[PDB]
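Here is the structure we will look at.
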Amino acid sequence: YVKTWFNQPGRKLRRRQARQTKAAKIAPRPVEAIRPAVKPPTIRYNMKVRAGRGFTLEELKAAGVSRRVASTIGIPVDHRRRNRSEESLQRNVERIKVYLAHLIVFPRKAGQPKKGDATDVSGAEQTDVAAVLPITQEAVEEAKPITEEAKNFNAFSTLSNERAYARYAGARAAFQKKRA
Amino acid sequence: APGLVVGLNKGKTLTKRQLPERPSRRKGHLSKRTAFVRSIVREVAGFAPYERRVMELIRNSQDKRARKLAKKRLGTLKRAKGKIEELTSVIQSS
Amino acid sequence: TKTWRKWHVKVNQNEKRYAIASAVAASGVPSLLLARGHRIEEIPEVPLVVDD
Amino acid sequence: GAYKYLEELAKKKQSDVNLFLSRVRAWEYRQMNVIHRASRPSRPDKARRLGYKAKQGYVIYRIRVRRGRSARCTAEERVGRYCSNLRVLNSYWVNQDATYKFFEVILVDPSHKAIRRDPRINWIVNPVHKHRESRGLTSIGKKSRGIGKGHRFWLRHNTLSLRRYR
RNA sequence: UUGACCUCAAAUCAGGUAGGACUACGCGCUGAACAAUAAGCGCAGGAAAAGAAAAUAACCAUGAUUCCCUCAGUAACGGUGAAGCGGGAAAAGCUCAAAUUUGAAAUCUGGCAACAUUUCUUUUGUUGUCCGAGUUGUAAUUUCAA
RNA sequence: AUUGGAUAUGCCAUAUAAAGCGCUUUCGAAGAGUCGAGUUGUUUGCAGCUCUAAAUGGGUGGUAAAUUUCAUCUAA
RNA sequence: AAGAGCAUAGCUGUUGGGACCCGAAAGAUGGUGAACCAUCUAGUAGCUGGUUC
């Protein structure tokens with residue numbers, strides 16, 4: 001009917017106490033899980049880099065952690081996503097690598113180190129993941145010289161005619177198969 | 001990808017990595033077990049009347065009418081052409 | 001009377017900062033303090049600063 | 001297993017064997033009550049893949065409905081109204097005649113001690129799952145009310161939002 | 001002459017369970033003179049419903065559901081009126097059927113005797129044993145991400 | 001007074017064990033009066049009615065072309 | 001053709017919401033009794049009346 005917002009300060013305070021209660025419940029481990037570096041899917045936003053849902057099975061396979069170990073230690077796994085450009089392989093890989101590097105796993109069963117989890121345990125600290133693992137934007141270039149070969153490259157020689165070539169490709173292909 | 005925006009090559013020029021084949025796409029693949037089961041059920045269950053009617057239409061070379069009638073029964077051309085081809089293989093097998 | 005009367009009102013954030021600075025600067029003028037009603041007839045200094 | 005043959009046979013619904021068996025069974029079901037307990041499903045493969053297991057607690061009731069709201073949905077609601085102490089898991093189709101649609105409906109005993117100790121089916125015990133078909137939460141009910149995932153499928157418009165600062 | 005198995009009865013047999021009320025909020029069916037509304041009927045919970053893609057898109061690609069802002073009074077339809085993308089709140093994943101263990105039904109309810117445990121002499125189990133359920137299929141393994 | 005679960009400790013446990021990941025010399029079963037088509041009603045969705053599927057099949061779209069490639073997903 | 005708009009408050013006008021207030025038969029839904037009741041309803045009002053220093 002008429003949705004009023006008189007609870008807006010109240011709802012904000014609820015979330016704060018929700019985070020504080022949640023964080024204090026699992027204090028040793030970080031409050032926010034890590035997320036991969038992913039690119040928005042459209043021509044308007046494809047230049048940007050944002051945080052996705054999880055790391056694809058290709059990346060965990062490359063990073064040397066199983067899809068079971070990753071879930072236990074706080075690495076979300078996304079099965080739907082598939083990463084095709086091997087940079088997206090890369091940019092997510094060392095992201096997992098540095099996360100593992102800064103990660104300290106408390107040994108189970110009374111602090112006897114199992115496999116390679118850890119030895120020290122007093123280093124228990126709850127840190128913001130976006131601090132140690134911030135997501136960066138695209139690395140833009142600065143001060144590149146020459147490219148006078150691109151000078152003679154007179155833009156529309158590609159744009160105007162290749163756009164026309166793309167537009168007429170179907171008719172052209174139909175022509176070639178016709179007189180053949 | 002000619003480092004450009006347009007054309008029937010367009011895209012940002014990178015080195016695509018050959019992604020693996022996922023098990024969801026496996027659907028439609030034939031199993032020798034299920035192919036055997038379908039053979040058994042075909043041999044024991046029989047045929048509905050409408051494919052019965054169309055097959056002597058193939059037998060007496062009445063192909064066009066059977067194709068049209070098969071289209072009327074199912075609804076789509078691909079279902080109809082898929083039907084008649086498998087009955088014909090049955091016809092030559094017999 | 002309905003609850004959805006417009007109770008809260010927006011103010012430009014820069015205008016808010018403008019007015020806060022003006023009130024701060026106004027707190028350093030002994031004439032303004034006396035007119036507002038404070039008794040600063042024997043204050044050593046406006047502005048007044050005590051140690052840490 | 002022998003189940004693979006079963007649904008492949010079940011798919012050929014215009015086969016003479018199925019055509020005969022439908023009629024003799026339809027003649028019989030007309031002469032029992034409109035709803036009646038069945039010792040074992042007439043299509044074990046269909047019930048099995050719908051969540052039925054041959055263990056104590058699961059029960060099958062056969063029912064028929066006049067043709068001419070879905071026939072499937074009306075089957076469950078009538079069964080749930082009849083076996084009012086059970087949670088009805090699912091339902092499936094069996095037979096027709098010129099006038100009737102015959103269904104077999106799977107129900108699970110929520111208070112039975114075999115169901116409560118079986119983790120795969122304890123979810124039905126929890127109180128939110130009682131009389132789902134009166135709420136339209138079953139397989140047919142969920143499909144009937146148009147619920148799914150896609151573009152293909154009210155009070156977020158008629159309400160007026162008046163924020164604190166506007 | 002007897003015993004099985006099946007179908008159906010009967011018990012003031014043992015154990016359980018359903019009704020009814022509230023209904024602000026949930027989910028249905030029906031539905032008017034506005035409105036997929038009011039009224040009517042059905043059924044729940046502390047939340048409900050939805051939910052791990054038979055979803056988007058056409059990109060350097062996104063990745064369960066729910067909610068908020070934006071898209072946008074735009075597309076679309078002819079006054080009605082979205083959604084993808086983006087930002088944020090919250091994040092959590094999974095289970096069966098479809099194949100066998102055939103060198104062992106390994107599974108399960110209940111009766112009885114003990115051992116316990118309790119929010120609790122009021123609860124919840126365990127062990128043993130017996131009996132029944134169950135090969136028209138209870139277990140283990142597997143669910144397409146495989 | 002109980003309880004929150006962690007910490008340490010003590011005692012049993014059974015543990016002849018099973019599982020994760022290098023590889024495969026391969027096999028991969030995958031939900032039917034359902035999907036769908038026509039038809040009638042009602043607000044593409046659903047529903048009655050008659051017909052009724054299939055295995056790289058099926059759904060869905062960018063393309064083409066009115067068919068096609070391509071993309072994406074795996075319903076009952 | 002050497003950008004002038006954006007945000008906030010106020011006034012006034014207009015459009016829509018009960019819409020300055022009061023007042024028409026009627027119609028629907030569901031009930032009670034052998035017409036009545038409650039909701040939709042604060043309706044259709046192109047008018048009548050009133051409208052405060």
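Scheme for the structure tokens: letters A, B, ... for chains in order shown; per-chain residue numbers from 1; ligand numbers from 1 in order shown.
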task: Pull out every residue of chain A sitting within 6 Å of chain E, counting only C-alpha atoms (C1' of nucleotides), and send them as an MDAnalysis selection string.
output: chainID A and resid 41:43 79:81
Polymer residues at most 7 Å from region 105-109 of chain E, only C-alpha atoms (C1' of nucleotides), same-chain spacing of 6 or more positions, as a PDB file with N, CA, C and O atoms (P, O5', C5', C4', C3', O3' and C1' of nucleotides), in the first residue's frame:
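Result file follows (out_37.pdb):
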ATOM      1  N   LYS D 113       8.158 -44.206  13.110  1.00  0.00           N
ATOM      2  CA  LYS D 113       9.519 -44.202  13.627  1.00  0.00           C
ATOM      3  C   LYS D 113      10.550 -44.626  12.591  1.00  0.00           C
ATOM      4  O   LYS D 113      11.746 -44.399  12.803  1.00  0.00           O
ATOM      5  N   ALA D 114      10.129 -45.241  11.488  1.00  0.00           N
ATOM      6  CA  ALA D 114      11.070 -45.569  10.427  1.00  0.00           C
ATOM      7  C   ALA D 114      11.363 -44.357   9.553  1.00  0.00           C
ATOM      8  O   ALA D 114      12.490 -44.187   9.079  1.00  0.00           O
TER       9      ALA D 114
ATOM     10  P     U E 138      14.013 -50.237  -1.852  1.00  0.00           P
ATOM     11  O5'   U E 138      14.641 -50.107  -0.400  1.00  0.00           O
ATOM     12  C5'   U E 138      13.819 -49.948   0.743  1.00  0.00           C
ATOM     13  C4'   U E 138      14.549 -50.388   1.981  1.00  0.00           C
ATOM     14  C3'   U E 138      15.922 -49.766   2.189  1.00  0.00           C
ATOM     15  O3'   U E 138      15.880 -48.479   2.781  1.00  0.00           O
ATOM     16  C1'   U E 138      16.085 -52.099   2.435  1.00  0.00           C
ATOM     17  P     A E 139      16.930 -47.352   2.324  1.00  0.00           P
ATOM     18  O5'   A E 139      18.320 -47.855   2.911  1.00  0.00           O
ATOM     19  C5'   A E 139      19.267 -48.509   2.081  1.00  0.00           C
ATOM     20  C4'   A E 139      20.390 -49.096   2.892  1.00  0.00           C
ATOM     21  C3'   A E 139      21.781 -48.577   2.582  1.00  0.00           C
ATOM     22  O3'   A E 139      22.056 -47.317   3.165  1.00  0.00           O
ATOM     23  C1'   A E 139      21.845 -50.920   2.680  1.00  0.00           C
TER      24        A E 139
END
Interface residues on chain F facing chain D, 12 Å, only C-alpha atoms (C1' of nucleotides), written as number ranges by chain: F: 29-34, 40-54, 59-61, 73, 75-76
Quick one: contact table of chain C to chain A, 12 Å max, nearest atom pair and distance in Å to one decimal per residue, counting only C-alpha atoms, chain and number order, as a tab-separated table?
residue	atom	partner	partner_atom	distance
C:2	CA	A:2	CA	10.6
C:3	CA	A:4	CA	8.4
C:4	CA	A:4	CA	6.8
C:5	CA	A:4	CA	10.1
C:6	CA	A:4	CA	10.7
C:7	CA	A:6	CA	9.9
C:8	CA	A:6	CA	10.1
field: Residue neighbourhood region 134-139 of chain A, 12 Å, only C-alpha atoms (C1' of nucleotides), exclusion window fewer than 4 positions, as number ranges by chain
entry: A: 34-39, 45-52, 91-92, 95, 98-99, 128-130; E: 60
task: Could the residues of chain G within 10 Å of chain C, counting only C-alpha atoms (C1' of nucleotides), be given as a PyMOL selection string, please?
output: chain G and resi 7-9
Quick one: write out the picked residues with N, CA and C atoms (P, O5', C5', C4', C3', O3' and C1' of nucleotides) as a PDB file, in the first residue's frame?
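Written output follows (selection-v3.pdb):
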ATOM      1  P     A G   7      18.438  17.757 -10.109  1.00  0.00           P
ATOM      2  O5'   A G   7      18.840  18.058  -8.601  1.00  0.00           O
ATOM      3  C5'   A G   7      19.608  17.123  -7.860  1.00  0.00           C
ATOM      4  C4'   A G   7      20.064  17.696  -6.544  1.00  0.00           C
ATOM      5  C3'   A G   7      18.986  18.304  -5.667  1.00  0.00           C
ATOM      6  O3'   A G   7      18.223  17.345  -4.965  1.00  0.00           O
ATOM      7  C1'   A G   7      20.813  19.773  -5.763  1.00  0.00           C
ATOM      8  P     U G   8      16.677  17.637  -4.664  1.00  0.00           P
ATOM      9  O5'   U G   8      16.717  18.681  -3.470  1.00  0.00           O
ATOM     10  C5'   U G   8      17.318  18.338  -2.233  1.00  0.00           C
ATOM     11  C4'   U G   8      17.376  19.521  -1.307  1.00  0.00           C
ATOM     12  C3'   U G   8      16.069  20.262  -1.100  1.00  0.00           C
ATOM     13  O3'   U G   8      15.194  19.625  -0.190  1.00  0.00           O
ATOM     14  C1'   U G   8      17.773  21.816  -1.537  1.00  0.00           C
ATOM     15  P     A G   9      13.607  19.737  -0.402  1.00  0.00           P
ATOM     16  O5'   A G   9      13.249  21.176   0.171  1.00  0.00           O
ATOM     17  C5'   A G   9      13.564  21.509   1.512  1.00  0.00           C
ATOM     18  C4'   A G   9      13.398  22.981   1.776  1.00  0.00           C
ATOM     19  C3'   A G   9      12.098  23.603   1.306  1.00  0.00           C
ATOM     20  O3'   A G   9      10.999  23.331   2.155  1.00  0.00           O
ATOM     21  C1'   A G   9      13.880  24.979   0.651  1.00  0.00           C
TER      22        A G   9
END
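Of the residues in chain A, those given strand (DSSP E or B) by DSSP on the backbone are residues 2, 3, 4, 37, 38, 50, 51, 55, 77 and 85 of chain A.
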Write a file of the just-selected residues containing N, CA and C atoms, as an mmCIF file, in the first residue's frame.
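New file result.cif:
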data_model
loop_
_atom_site.group_PDB
_atom_site.id
_atom_site.type_symbol
_atom_site.label_atom_id
_atom_site.label_comp_id
_atom_site.auth_asym_id
_atom_site.auth_seq_id
_atom_site.Cartn_x
_atom_site.Cartn_y
_atom_site.Cartn_z
ATOM 1 N N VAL A 2 1.318 1.662 1.184
ATOM 2 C CA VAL A 2 2.247 2.774 1.352
ATOM 3 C C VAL A 2 3.408 2.264 2.192
ATOM 4 N N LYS A 3 4.559 2.069 1.559
ATOM 5 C CA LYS A 3 5.741 1.540 2.231
ATOM 6 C C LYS A 3 6.555 2.704 2.787
ATOM 7 N N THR A 4 6.572 2.839 4.109
ATOM 8 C CA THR A 4 7.299 3.904 4.782
ATOM 9 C C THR A 4 8.653 3.397 5.262
ATOM 10 N N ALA A 37 38.269 -12.282 -9.323
ATOM 11 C CA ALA A 37 38.221 -11.081 -10.147
ATOM 12 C C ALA A 37 37.541 -11.427 -11.463
ATOM 13 N N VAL A 38 36.399 -10.796 -11.722
ATOM 14 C CA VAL A 38 35.536 -11.157 -12.835
ATOM 15 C C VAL A 38 35.138 -9.878 -13.563
ATOM 16 N N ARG A 50 35.114 -6.655 -11.399
ATOM 17 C CA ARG A 50 34.348 -6.728 -10.167
ATOM 18 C C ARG A 50 34.539 -8.108 -9.560
ATOM 19 N N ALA A 51 33.922 -8.322 -8.403
ATOM 20 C CA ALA A 51 34.054 -9.580 -7.684
ATOM 21 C C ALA A 51 32.935 -10.526 -8.090
ATOM 22 N N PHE A 55 35.570 -19.302 -7.632
ATOM 23 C CA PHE A 55 36.644 -19.661 -8.545
ATOM 24 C C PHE A 55 36.290 -20.956 -9.267
ATOM 25 N N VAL A 77 33.544 -21.949 -4.316
ATOM 26 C CA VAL A 77 33.732 -22.594 -5.608
ATOM 27 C C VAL A 77 32.473 -22.383 -6.433
ATOM 28 N N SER A 85 39.598 -17.190 -21.302
ATOM 29 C CA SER A 85 40.815 -16.436 -21.553
ATOM 30 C C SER A 85 41.820 -16.748 -20.454
#
- request: Could you list, as a ChimeraX atom specification, the residues of chain B having an atom within 12 Å of chain F when counting only C-alpha atoms (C1' of nucleotides)?
  value: /B:8,22-38,48,50,70-83,86
If you keep N, CA, C and O atoms, can you produce a file of those selected residues as a short mmCIF file (atom, residue, chain, number, x, y, z; two decimals), in the first residue's frame?
data_model
loop_
_atom_site.label_atom_id
_atom_site.label_comp_id
_atom_site.auth_asym_id
_atom_site.auth_seq_id
_atom_site.Cartn_x
_atom_site.Cartn_y
_atom_site.Cartn_z
N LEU B 8 32.97 -10.24 -39.03
CA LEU B 8 32.84 -11.65 -38.65
C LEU B 8 34.18 -12.25 -38.27
O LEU B 8 34.53 -13.37 -38.66
N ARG B 22 32.13 -30.56 -20.69
CA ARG B 22 31.47 -30.80 -19.42
C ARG B 22 30.38 -31.86 -19.55
O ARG B 22 29.75 -32.00 -20.61
N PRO B 23 30.15 -32.63 -18.48
CA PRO B 23 29.24 -33.77 -18.57
C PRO B 23 27.80 -33.41 -18.90
O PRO B 23 27.05 -34.30 -19.33
N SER B 24 27.37 -32.17 -18.70
CA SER B 24 26.00 -31.81 -19.06
C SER B 24 25.76 -31.99 -20.55
O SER B 24 24.69 -32.45 -20.96
N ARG B 25 26.75 -31.65 -21.38
CA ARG B 25 26.62 -31.79 -22.82
C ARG B 25 26.57 -33.24 -23.27
O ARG B 25 26.24 -33.50 -24.43
N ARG B 26 26.90 -34.19 -22.39
CA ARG B 26 26.88 -35.61 -22.74
C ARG B 26 25.49 -36.10 -23.11
O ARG B 26 25.36 -37.15 -23.75
N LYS B 27 24.44 -35.36 -22.73
CA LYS B 27 23.08 -35.83 -22.95
C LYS B 27 22.80 -35.99 -24.44
O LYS B 27 23.22 -35.17 -25.27
N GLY B 28 22.08 -37.06 -24.78
CA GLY B 28 21.83 -37.45 -26.15
C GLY B 28 22.74 -38.55 -26.65
O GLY B 28 22.42 -39.18 -27.66
N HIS B 29 23.86 -38.79 -25.97
CA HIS B 29 24.79 -39.84 -26.36
C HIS B 29 24.16 -41.21 -26.15
O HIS B 29 23.41 -41.44 -25.20
N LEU B 30 24.48 -42.14 -27.05
CA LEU B 30 23.90 -43.47 -27.02
C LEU B 30 24.73 -44.40 -26.14
O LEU B 30 25.96 -44.44 -26.26
N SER B 31 24.05 -45.14 -25.28
CA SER B 31 24.67 -46.20 -24.51
C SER B 31 24.30 -47.54 -25.13
O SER B 31 23.13 -47.76 -25.47
N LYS B 32 25.29 -48.41 -25.28
CA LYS B 32 25.01 -49.73 -25.83
C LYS B 32 23.98 -50.47 -24.98
O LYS B 32 23.23 -51.30 -25.50
N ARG B 33 23.95 -50.20 -23.68
CA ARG B 33 22.95 -50.83 -22.82
C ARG B 33 21.55 -50.33 -23.14
O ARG B 33 20.63 -51.12 -23.38
N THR B 34 21.37 -49.00 -23.16
CA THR B 34 20.05 -48.45 -23.46
C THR B 34 19.67 -48.67 -24.92
O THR B 34 18.48 -48.86 -25.23
N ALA B 35 20.64 -48.64 -25.83
CA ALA B 35 20.34 -48.98 -27.21
C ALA B 35 19.85 -50.42 -27.32
O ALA B 35 18.94 -50.72 -28.10
N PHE B 36 20.45 -51.32 -26.54
CA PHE B 36 19.95 -52.69 -26.47
C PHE B 36 18.55 -52.74 -25.87
O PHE B 36 17.69 -53.49 -26.35
N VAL B 37 18.31 -51.97 -24.81
CA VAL B 37 16.99 -51.96 -24.18
C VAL B 37 15.94 -51.44 -25.15
O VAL B 37 14.84 -52.00 -25.26
N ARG B 38 16.26 -50.36 -25.87
CA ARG B 38 15.32 -49.83 -26.85
C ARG B 38 15.05 -50.84 -27.95
O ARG B 38 13.92 -50.93 -28.46
N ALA B 48 2.56 -48.29 -32.63
CA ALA B 48 1.26 -47.65 -32.63
C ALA B 48 0.69 -47.68 -34.05
O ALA B 48 1.43 -47.84 -35.02
N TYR B 50 -0.36 -45.45 -36.14
CA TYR B 50 -0.10 -44.45 -37.16
C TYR B 50 1.21 -44.72 -37.88
O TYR B 50 1.30 -44.51 -39.10
N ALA B 70 2.62 -38.16 -41.27
CA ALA B 70 3.47 -38.19 -40.09
C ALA B 70 3.62 -36.80 -39.48
O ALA B 70 3.65 -36.65 -38.25
N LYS B 71 3.71 -35.77 -40.32
CA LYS B 71 3.75 -34.40 -39.82
C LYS B 71 2.48 -34.06 -39.05
O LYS B 71 2.53 -33.43 -37.99
N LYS B 72 1.32 -34.47 -39.57
CA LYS B 72 0.06 -34.20 -38.90
C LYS B 72 0.01 -34.89 -37.54
O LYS B 72 -0.50 -34.31 -36.56
N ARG B 73 0.51 -36.12 -37.45
CA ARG B 73 0.45 -36.86 -36.20
C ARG B 73 1.29 -36.20 -35.11
O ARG B 73 0.80 -35.94 -34.00
N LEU B 74 2.56 -35.92 -35.40
CA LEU B 74 3.47 -35.42 -34.38
C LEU B 74 3.33 -33.91 -34.21
O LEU B 74 2.96 -33.43 -33.13
N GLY B 75 3.63 -33.15 -35.26
CA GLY B 75 3.49 -31.70 -35.19
C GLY B 75 4.61 -30.91 -35.83
O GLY B 75 4.38 -29.80 -36.32
N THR B 76 5.83 -31.44 -35.83
CA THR B 76 6.98 -30.74 -36.38
C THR B 76 7.61 -31.56 -37.50
O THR B 76 7.52 -32.79 -37.53
N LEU B 77 8.27 -30.85 -38.42
CA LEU B 77 8.88 -31.52 -39.56
C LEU B 77 10.04 -32.41 -39.13
O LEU B 77 10.18 -33.53 -39.63
N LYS B 78 10.86 -31.94 -38.19
CA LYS B 78 12.02 -32.73 -37.77
C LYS B 78 11.60 -34.02 -37.08
O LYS B 78 12.21 -35.08 -37.30
N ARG B 79 10.56 -33.97 -36.25
CA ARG B 79 10.03 -35.19 -35.66
C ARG B 79 9.51 -36.13 -36.74
O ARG B 79 9.71 -37.35 -36.67
N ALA B 80 8.83 -35.58 -37.75
CA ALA B 80 8.31 -36.40 -38.83
C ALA B 80 9.42 -37.05 -39.64
O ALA B 80 9.38 -38.26 -39.90
N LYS B 81 10.44 -36.27 -40.03
CA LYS B 81 11.52 -36.84 -40.84
C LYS B 81 12.34 -37.82 -40.02
O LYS B 81 12.80 -38.85 -40.54
N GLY B 82 12.54 -37.52 -38.73
CA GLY B 82 13.18 -38.49 -37.85
C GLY B 82 12.39 -39.77 -37.75
O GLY B 82 12.96 -40.86 -37.68
N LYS B 83 11.06 -39.67 -37.71
CA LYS B 83 10.23 -40.87 -37.66
C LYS B 83 10.40 -41.72 -38.91
O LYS B 83 10.74 -42.91 -38.82
N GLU B 86 13.70 -43.79 -39.52
CA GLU B 86 13.94 -44.96 -38.69
C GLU B 86 13.00 -46.11 -39.06
O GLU B 86 13.39 -47.27 -38.98
#
With the cut-off set at 12 Å and counting only C-alpha atoms (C1' of nucleotides), tabulate each residue of chain F with an atom at most that distance from an atom of chain A, showing the nearest atom pair and its distance in Å to one decimal, ordered by chain and increasing number, as a Markdown table.
| residue | atom | partner | partner_atom | distance |
| --- | --- | --- | --- | --- |
| F:4 | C1' | A:25 | CA | 10.5 |
| F:5 | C1' | A:25 | CA | 10.4 |
| F:6 | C1' | A:25 | CA | 10.9 |
| F:7 | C1' | A:110 | CA | 9.7 |
| F:8 | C1' | A:110 | CA | 9.7 |
| F:19 | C1' | A:68 | CA | 11.7 |
| F:20 | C1' | A:68 | CA | 7.8 |
| F:21 | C1' | A:66 | CA | 7.2 |
| F:22 | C1' | A:64 | CA | 11.9 |
| F:63 | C1' | A:170 | CA | 10.8 |
| F:64 | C1' | A:170 | CA | 8.1 |
| F:65 | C1' | A:170 | CA | 9.7 |
| F:68 | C1' | A:170 | CA | 11.7 |
| F:72 | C1' | A:80 | CA | 11.3 |
| F:73 | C1' | A:80 | CA | 10.4 |
message: Residues of chain B within 10 Å of chain A, counting only C-alpha atoms - could you list those as a list in words?
response: residues 2, 4, 5, 6, 7, 8, 9, 10, 14, 15, 16, 17, 18, 19 and 20 of chain B
Residues from the last selection, N, CA, C and O atoms, saved as a PDB file, in the first residue's frame:
ATOM      1  N   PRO B   2      40.479  -9.012 -34.653  1.00  0.00           N
ATOM      2  CA  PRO B   2      41.513  -8.142 -35.218  1.00  0.00           C
ATOM      3  C   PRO B   2      41.769  -6.921 -34.353  1.00  0.00           C
ATOM      4  O   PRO B   2      41.942  -5.815 -34.876  1.00  0.00           O
ATOM      5  N   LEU B   4      39.785  -5.275 -32.862  1.00  0.00           N
ATOM      6  CA  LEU B   4      38.787  -4.287 -33.259  1.00  0.00           C
ATOM      7  C   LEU B   4      37.393  -4.613 -32.775  1.00  0.00           C
ATOM      8  O   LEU B   4      37.206  -5.575 -32.031  1.00  0.00           O
ATOM      9  N   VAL B   5      36.399  -3.865 -33.242  1.00  0.00           N
ATOM     10  CA  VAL B   5      35.045  -4.027 -32.728  1.00  0.00           C
ATOM     11  C   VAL B   5      34.103  -4.775 -33.676  1.00  0.00           C
ATOM     12  O   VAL B   5      33.187  -5.459 -33.210  1.00  0.00           O
ATOM     13  N   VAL B   6      34.295  -4.677 -34.995  1.00  0.00           N
ATOM     14  CA  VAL B   6      33.284  -5.114 -35.954  1.00  0.00           C
ATOM     15  C   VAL B   6      33.869  -6.160 -36.902  1.00  0.00           C
ATOM     16  O   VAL B   6      35.084  -6.309 -37.034  1.00  0.00           O
ATOM     17  N   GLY B   7      32.980  -6.898 -37.554  1.00  0.00           N
ATOM     18  CA  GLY B   7      33.336  -7.898 -38.540  1.00  0.00           C
ATOM     19  C   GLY B   7      33.002  -9.307 -38.068  1.00  0.00           C
ATOM     20  O   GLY B   7      32.778  -9.566 -36.884  1.00  0.00           O
ATOM     21  N   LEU B   8      32.968 -10.240 -39.027  1.00  0.00           N
ATOM     22  CA  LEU B   8      32.842 -11.649 -38.651  1.00  0.00           C
ATOM     23  C   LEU B   8      34.183 -12.252 -38.273  1.00  0.00           C
ATOM     24  O   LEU B   8      34.532 -13.368 -38.664  1.00  0.00           O
ATOM     25  N   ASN B   9      34.951 -11.489 -37.506  1.00  0.00           N
ATOM     26  CA  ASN B   9      36.061 -11.945 -36.690  1.00  0.00           C
ATOM     27  C   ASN B   9      36.145 -11.180 -35.381  1.00  0.00           C
ATOM     28  O   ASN B   9      37.034 -11.467 -34.577  1.00  0.00           O
ATOM     29  N   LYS B  10      35.234 -10.233 -35.145  1.00  0.00           N
ATOM     30  CA  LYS B  10      35.388  -9.197 -34.132  1.00  0.00           C
ATOM     31  C   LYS B  10      35.624  -9.781 -32.746  1.00  0.00           C
ATOM     32  O   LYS B  10      35.276 -10.928 -32.454  1.00  0.00           O
ATOM     33  N   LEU B  14      42.889 -12.004 -28.071  1.00  0.00           N
ATOM     34  CA  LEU B  14      43.563 -12.782 -27.033  1.00  0.00           C
ATOM     35  C   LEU B  14      43.879 -14.184 -27.528  1.00  0.00           C
ATOM     36  O   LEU B  14      43.610 -14.547 -28.676  1.00  0.00           O
ATOM     37  N   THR B  15      44.463 -14.974 -26.631  1.00  0.00           N
ATOM     38  CA  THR B  15      44.793 -16.373 -26.891  1.00  0.00           C
ATOM     39  C   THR B  15      43.787 -17.244 -26.146  1.00  0.00           C
ATOM     40  O   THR B  15      43.959 -17.555 -24.967  1.00  0.00           O
ATOM     41  N   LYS B  16      42.724 -17.637 -26.844  1.00  0.00           N
ATOM     42  CA  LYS B  16      41.707 -18.496 -26.249  1.00  0.00           C
ATOM     43  C   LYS B  16      42.296 -19.841 -25.835  1.00  0.00           C
ATOM     44  O   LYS B  16      43.048 -20.464 -26.589  1.00  0.00           O
ATOM     45  N   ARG B  17      41.934 -20.302 -24.638  1.00  0.00           N
ATOM     46  CA  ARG B  17      42.380 -21.595 -24.134  1.00  0.00           C
ATOM     47  C   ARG B  17      41.264 -22.611 -24.336  1.00  0.00           C
ATOM     48  O   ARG B  17      40.099 -22.326 -24.043  1.00  0.00           O
ATOM     49  N   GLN B  18      41.618 -23.789 -24.844  1.00  0.00           N
ATOM     50  CA  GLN B  18      40.629 -24.804 -25.202  1.00  0.00           C
ATOM     51  C   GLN B  18      39.985 -25.344 -23.933  1.00  0.00           C
ATOM     52  O   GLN B  18      40.580 -26.140 -23.206  1.00  0.00           O
ATOM     53  N   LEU B  19      38.754 -24.918 -23.672  1.00  0.00           N
ATOM     54  CA  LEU B  19      38.043 -25.351 -22.481  1.00  0.00           C
ATOM     55  C   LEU B  19      37.637 -26.820 -22.601  1.00  0.00           C
ATOM     56  O   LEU B  19      37.416 -27.324 -23.706  1.00  0.00           O
ATOM     57  N   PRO B  20      37.547 -27.530 -21.482  1.00  0.00           N
ATOM     58  CA  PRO B  20      37.190 -28.949 -21.523  1.00  0.00           C
ATOM     59  C   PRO B  20      35.696 -29.141 -21.745  1.00  0.00           C
ATOM     60  O   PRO B  20      34.892 -28.215 -21.633  1.00  0.00           O
TER      61      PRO B  20
END
- request: Would you work out the distance separating CA of residue 15 (chain D) from CA of residue 46 (chain B), expressed in Å to one decimal?
  value: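 Computing the Euclidean distance for CA of residue 15 (chain D) and CA of residue 46 (chain B) yields 6.2 Å.
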query: Suppose you want the space between CA of residue 69 (chain B) and CA of residue 56 (chain B); what is it in Å?
result: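 So the answer is 12.8 Å.
The two atoms in question, CA of residue 29 (chain C) and CA of residue 45 (chain C), are spaced 10.2 Å apart.
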message: Contacts from chain D to chain A, 7 Å maximum, only C-alpha atoms: show me the residue list as a PyMOL selection string.
response: chain D and resi 158-164
- prompt: Can you list, as number ranges by chain, every protein, DNA or RNA residue that comes within 8 Å of residue 130 (chain D) when you count only C-alpha atoms (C1' of nucleotides), leaving out same-chain residues fewer than 3 positions away?
  reply: D: 87, 124, 126-127; E: 44
Now that the selection is made, can you save its residues with C-alpha atoms (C1' of nucleotides) as a PDB file, in the first residue's frame?
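Below is the file selection-v8.pdb, written as the result:
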ATOM      1  CA  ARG D  87       2.074 -36.061   4.397  1.00  0.00           C
ATOM      2  CA  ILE D 124       8.675 -34.177   5.448  1.00  0.00           C
ATOM      3  CA  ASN D 126       8.989 -30.802   9.851  1.00  0.00           C
ATOM      4  CA  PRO D 127       5.729 -28.892  10.399  1.00  0.00           C
TER       5      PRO D 127
ATOM      6  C1'   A E  44       1.163 -23.029   7.218  1.00  0.00           C
TER       7        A E  44
END
